[PDB]
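What follows is a single structure, written as C-alpha cells, with notes after it.
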Amino acid sequence: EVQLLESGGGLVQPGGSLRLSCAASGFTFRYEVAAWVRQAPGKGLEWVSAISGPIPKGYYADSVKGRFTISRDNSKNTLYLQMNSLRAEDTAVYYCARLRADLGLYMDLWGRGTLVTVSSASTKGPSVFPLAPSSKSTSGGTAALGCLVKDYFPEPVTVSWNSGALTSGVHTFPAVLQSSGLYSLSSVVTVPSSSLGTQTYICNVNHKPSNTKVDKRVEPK
Amino acid sequence: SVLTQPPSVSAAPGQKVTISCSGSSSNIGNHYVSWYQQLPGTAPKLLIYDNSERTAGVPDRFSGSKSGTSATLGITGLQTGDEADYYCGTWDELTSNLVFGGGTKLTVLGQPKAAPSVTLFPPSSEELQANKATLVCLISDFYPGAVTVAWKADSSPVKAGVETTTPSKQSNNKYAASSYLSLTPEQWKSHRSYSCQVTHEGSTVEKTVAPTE
Ligand SMILES: [Cl-]
C-alpha cells in the first residue's frame with residue numbers, strides 16, 4: 001500500500017511543543033516526502049512548510065517562520081515537523097504530502113492527517129450512557145437502542161458494538177461541540193425487537209486522548 | 001487564501017460545471033495549477049496537476065485549463081459521488097509559498113427529496129443518578145441537507161440548553177443531524193412530556209418522550 005504514516009499529533013498546552021513524523025511506505029526515496037499542509041475545522045487548506053534536496057533547504061509560511069522546523073531522515077524516508085511555541089490558532093489537522101515536480105509542482109499523495117489541539121483545557125474521557133430500546137417506540141419488528149458518549153475532549157472517539165461483531169443497523173452520528181467546550185455524540189443501532197430478550201448489546205467506547213475505555217451494556221427499561 | 005474560487009457551484013446529475021481559480025502574475029500567471037478533491041473528513045486527493053494532466057485512475061470527464069492568471073476545473077457527467085470541496089493550488093514565487101484557493105463546494109441538485117426519520121431518547125436512569133438529563137434527538141435520511149429543530153416542554157417552546165449539529169452526508173447520500181436538550185432532573189420530572197420537532201421543506205416530523213417512573 002503506497003502511503004504516508006503520520007504520528008506525533010495530539011493535545012498540547014499553549015506555548016508547548018510537538019514533533020510530527022511522516023514515514024514513507026511502499027515506494028523508494030526520491031526527495032518527495034517534503035510538504036506539510038494543515039486545515040482548521042471548517043476552513044481551507046493552508047501550506048505550512050516544505051523541504052528541498054539533495055542540498056537541504058526549508059521553506060515556511062509567514063505564520064510559522066521561526067517556531068516550526070522541517071527536516072527529513074533521508075535514510076529512513078521520514079519527514080519531521082518540530083513545532084515549538086504552539087499557539088491556539090495552530091489547532092488543525094496536519095497532513096504530510098508527497099511534493100513532486102514534472103513541468104510544475106503538485107502533491108500526489110497525502111497522509112490521513114493527525115489532529116494537533118493547542119488548548120489550556122486538559123483531556124476529558126466521556127461518560128457513556130445507555131439509550132435503552134423504548135417499550136412503545138419499538139417500530140413493530142425493530143427497536144432503536146444506542147449509547148450517549150457525553151462530555152469528552154478532544155476528538156476523536158471510537159464506538160463499536162459487541163466487540164466489532166455488530167455492524168448492520170449501526171449509525172454513529174458526528175459529535176456536537178457543546179458551549180462548555182466538550183463534545184458529545186450518539187451511536188444508535190436498529191435491531192430486531194425479538195432479539196431484545198436474548199441477544200446482548202454492548203457499545204465499546206475508546207477515547208485514546210484520555211486513555212479511556214468503556215463497555216456499556218444497553219438493556220430494556 | 002491567496003487564490004480566489006467561488007464558494008459553491010451546483011448542477012443536476014449528468015450535466016457539466018466549471019470552477020474558476022483567480023490569482024496573480026507571481027502564482028497562476030507563471031506557474032502550473034493543481035486541483036484537489038476533498039470529501040468530508042478525509043485527506044485531499046490530487047485530480048489534476050500541470051494545469052491539464054489527470055492523475056492515474058481519474059477519468060476524462062474531469063479536465064483543467066489555464067489562461068493568464070486564471071485556471072478552470074471542468075466536470076461533466078456529474079455524479080452524486082462528485083459532491084466534495086475542490087481546491088486549486090500553485091507556487092507563488094513572490095512569497096516562496098505553496099498557495100491554495102479558499103475552496104469550492106460542489107452540490108448535485110434534483111436528487112429525490114426525503115423527509116427526516118426522527119428517534120427521540122429520554123434521559124438514562126444512569127444520567128439522572130449523576131444529577132444530569134439529556135434528551136437525544138437523532139435525525140436521518142433527509143434531502144436537501146437542511147432542517148430546523150424546535151424543542152417543546154409539554155406544549156410550550158424551549159430555546160435554552162439546545163445543542164444541534166450541522167447536517168452531514170450519510171453513506172447513502174442523504175443527510176443526518178442530532179439535537180441535544182440539557183435539563184435538570186427536576187425539569188425533566190416536572191413536565192408531562194418533552195418533544196423534538198424537525199421541520200424540513202415545510203413539513204414537521206415530531207417525537208415525544210415522558211418520564212416513566
Ligand atoms: Cl520520496
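Following the order of the C-alpha cells, first chain is A, next is B, and so on, with residues numbered from 1 inside each chain and ligands from 1 in the order they appear.
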Test item: residues lying within 8 Å of ligand 1 with only C-alpha atoms and all ligand atoms, as a tab-separated table (two decimals) with N, CA, C and O atoms, in the first residue's frame:
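Okay, result.tsv is ready:
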chain	number	residue	atom	x	y	z
A	24	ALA	N	7.40	7.36	4.95
A	24	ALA	CA	7.07	6.84	3.61
A	24	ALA	C	6.89	5.32	3.71
A	24	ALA	O	7.70	4.70	4.41
A	27	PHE	N	7.23	2.76	-1.42
A	27	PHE	CA	7.94	3.39	-2.58
A	27	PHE	C	9.35	3.81	-2.18
A	27	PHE	O	9.62	3.97	-0.97
A	28	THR	N	10.24	3.96	-3.16
A	28	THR	CA	11.69	4.23	-2.95
A	28	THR	C	11.90	5.75	-2.83
A	28	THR	O	11.07	6.51	-3.36
A	29	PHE	N	12.99	6.15	-2.16
A	29	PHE	CA	13.32	7.55	-1.80
A	29	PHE	C	13.68	8.36	-3.06
A	29	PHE	O	14.58	7.92	-3.83
A	30	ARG	N	12.99	9.50	-3.25
A	30	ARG	CA	13.15	10.45	-4.37
A	30	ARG	C	13.00	11.91	-3.89
A	30	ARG	O	12.69	12.77	-4.75
A	31	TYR	N	13.22	12.20	-2.60
A	31	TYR	CA	13.22	13.56	-2.00
A	31	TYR	C	11.83	14.21	-2.11
A	31	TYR	O	11.74	15.45	-2.01
A	32	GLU	N	10.75	13.41	-2.22
A	32	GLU	CA	9.39	13.95	-2.50
A	32	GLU	C	8.49	13.96	-1.25
A	32	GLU	O	7.45	14.63	-1.30
A	33	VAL	N	8.83	13.24	-0.18
A	33	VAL	CA	8.08	13.33	1.09
A	33	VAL	C	8.58	14.59	1.80
A	33	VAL	O	9.57	14.51	2.56
A	34	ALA	N	7.95	15.71	1.48
A	34	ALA	CA	8.63	17.02	1.51
A	34	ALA	C	7.71	18.18	1.90
A	34	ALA	O	8.25	19.30	1.99
A	77	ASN	N	13.50	7.61	5.08
A	77	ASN	CA	12.48	8.42	4.37
A	77	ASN	C	11.37	8.80	5.37
A	77	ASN	O	10.22	8.38	5.19
A	98	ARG	N	3.35	14.13	-0.38
A	98	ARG	CA	4.44	13.91	-1.34
A	98	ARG	C	4.36	15.05	-2.36
A	98	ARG	O	3.37	15.12	-3.08
DSSP on the backbone: which residues in region 5-200 of chain B end up as alpha helix (DSSP H)? Give the answer as number ranges by chain. B: 125-129, 185-190
Could you please take those selected residues and save N, CA and C atoms as a short mmCIF file (atom, residue, chain, number, x, y, z; two decimals), in the first residue's frame?
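As a result, again_19.cif now contains:
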data_model
loop_
_atom_site.label_atom_id
_atom_site.label_comp_id
_atom_site.auth_asym_id
_atom_site.auth_seq_id
_atom_site.Cartn_x
_atom_site.Cartn_y
_atom_site.Cartn_z
N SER B 125 -31.57 6.37 33.29
CA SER B 125 -31.52 6.23 34.77
C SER B 125 -30.13 6.65 35.27
N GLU B 126 -29.10 6.12 34.63
CA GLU B 126 -27.67 6.32 34.97
C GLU B 126 -27.32 7.82 34.94
N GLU B 127 -27.80 8.57 33.95
CA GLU B 127 -27.52 10.03 33.81
C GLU B 127 -28.27 10.79 34.90
N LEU B 128 -29.52 10.42 35.18
CA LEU B 128 -30.36 11.06 36.22
C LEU B 128 -29.71 10.84 37.60
N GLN B 129 -29.10 9.67 37.82
CA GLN B 129 -28.33 9.34 39.05
C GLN B 129 -27.13 10.29 39.18
N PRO B 185 -32.65 17.16 36.34
CA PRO B 185 -33.59 16.07 36.64
C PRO B 185 -34.96 16.59 37.10
N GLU B 186 -34.98 17.74 37.78
CA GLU B 186 -36.20 18.36 38.34
C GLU B 186 -37.07 18.88 37.18
N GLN B 187 -36.44 19.48 36.16
CA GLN B 187 -37.15 19.98 34.95
C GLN B 187 -37.77 18.81 34.18
N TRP B 188 -37.00 17.72 34.01
CA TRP B 188 -37.44 16.51 33.28
C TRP B 188 -38.68 15.92 33.97
N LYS B 189 -38.64 15.81 35.30
CA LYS B 189 -39.70 15.17 36.13
C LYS B 189 -40.96 16.04 36.20
N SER B 190 -40.82 17.37 36.15
CA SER B 190 -41.91 18.34 36.45
C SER B 190 -42.88 18.50 35.27
#
Find the residues near residue 192 (chain A): any atom within 9 Å, counting only C-alpha atoms, skip ones fewer than 3 places away on the same chain, and give them as a list in words.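 What passes the distance filter is residues 141, 142, 143, 195 and 196 of chain A.
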Out of A:18, A:105, A:4, A:99, which residue has the shortest atom-to-atom distance to residue 31 (chain B) when counting only C-alpha atoms? A:105
Mind checking which residues fall within 7 Å of residue 86 (chain B), counting only C-alpha atoms, ignoring those fewer than 5 positions away in the same chain, and posting them as a list in words?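 Here the answer would be residues 35, 36, 37, 38, 103, 104 and 105 of chain B.
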Select from chain A every residue with an atom at most 6 Å from any atom of chain B, then for each give the shortest pair of atoms and their distance in Å to one decimal, using only C-alpha atoms, rows by chain and rising number, as JSON lines.
{"residue": "A:44", "atom": "CA", "partner": "B:102", "partner_atom": "CA", "distance": 5.4}
{"residue": "A:47", "atom": "CA", "partner": "B:98", "partner_atom": "CA", "distance": 5.9}
{"residue": "A:104", "atom": "CA", "partner": "B:32", "partner_atom": "CA", "distance": 5.0}
{"residue": "A:106", "atom": "CA", "partner": "B:49", "partner_atom": "CA", "distance": 5.9}
{"residue": "A:108", "atom": "CA", "partner": "B:46", "partner_atom": "CA", "distance": 5.3}
{"residue": "A:112", "atom": "CA", "partner": "B:43", "partner_atom": "CA", "distance": 5.6}
{"residue": "A:176", "atom": "CA", "partner": "B:165", "partner_atom": "CA", "distance": 5.3}
CA of residue 11 (chain B) to CA of residue 78 (chain B), distance in Å rounded to a single decimal: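 Calculated distance between CA of residue 11 (chain B) and CA of residue 78 (chain B) is 7.7 Å.
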Which residue out of A:146, A:154, A:54, A:9 has the minimum interatomic distance to residue 173 (chain A) when only C-alpha atoms are used? A:146
Which value, in Å to one decimal, gives the distance between CA of residue 2 (chain A) and CA of residue 63 (chain B)? 25.1 Å
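Excluding region 18-20 of chain B itself and any same-chain residue fewer than 4 positions from it, the protein and nucleic acid residues within 6 Å of it, counting only C-alpha atoms, are residues 5, 71, 72, 73 and 74 of chain B.
Nearest residue to residue 204 (chain A), choosing from A:55, A:41, A:149, A:88 and counting only C-alpha atoms: A:149.
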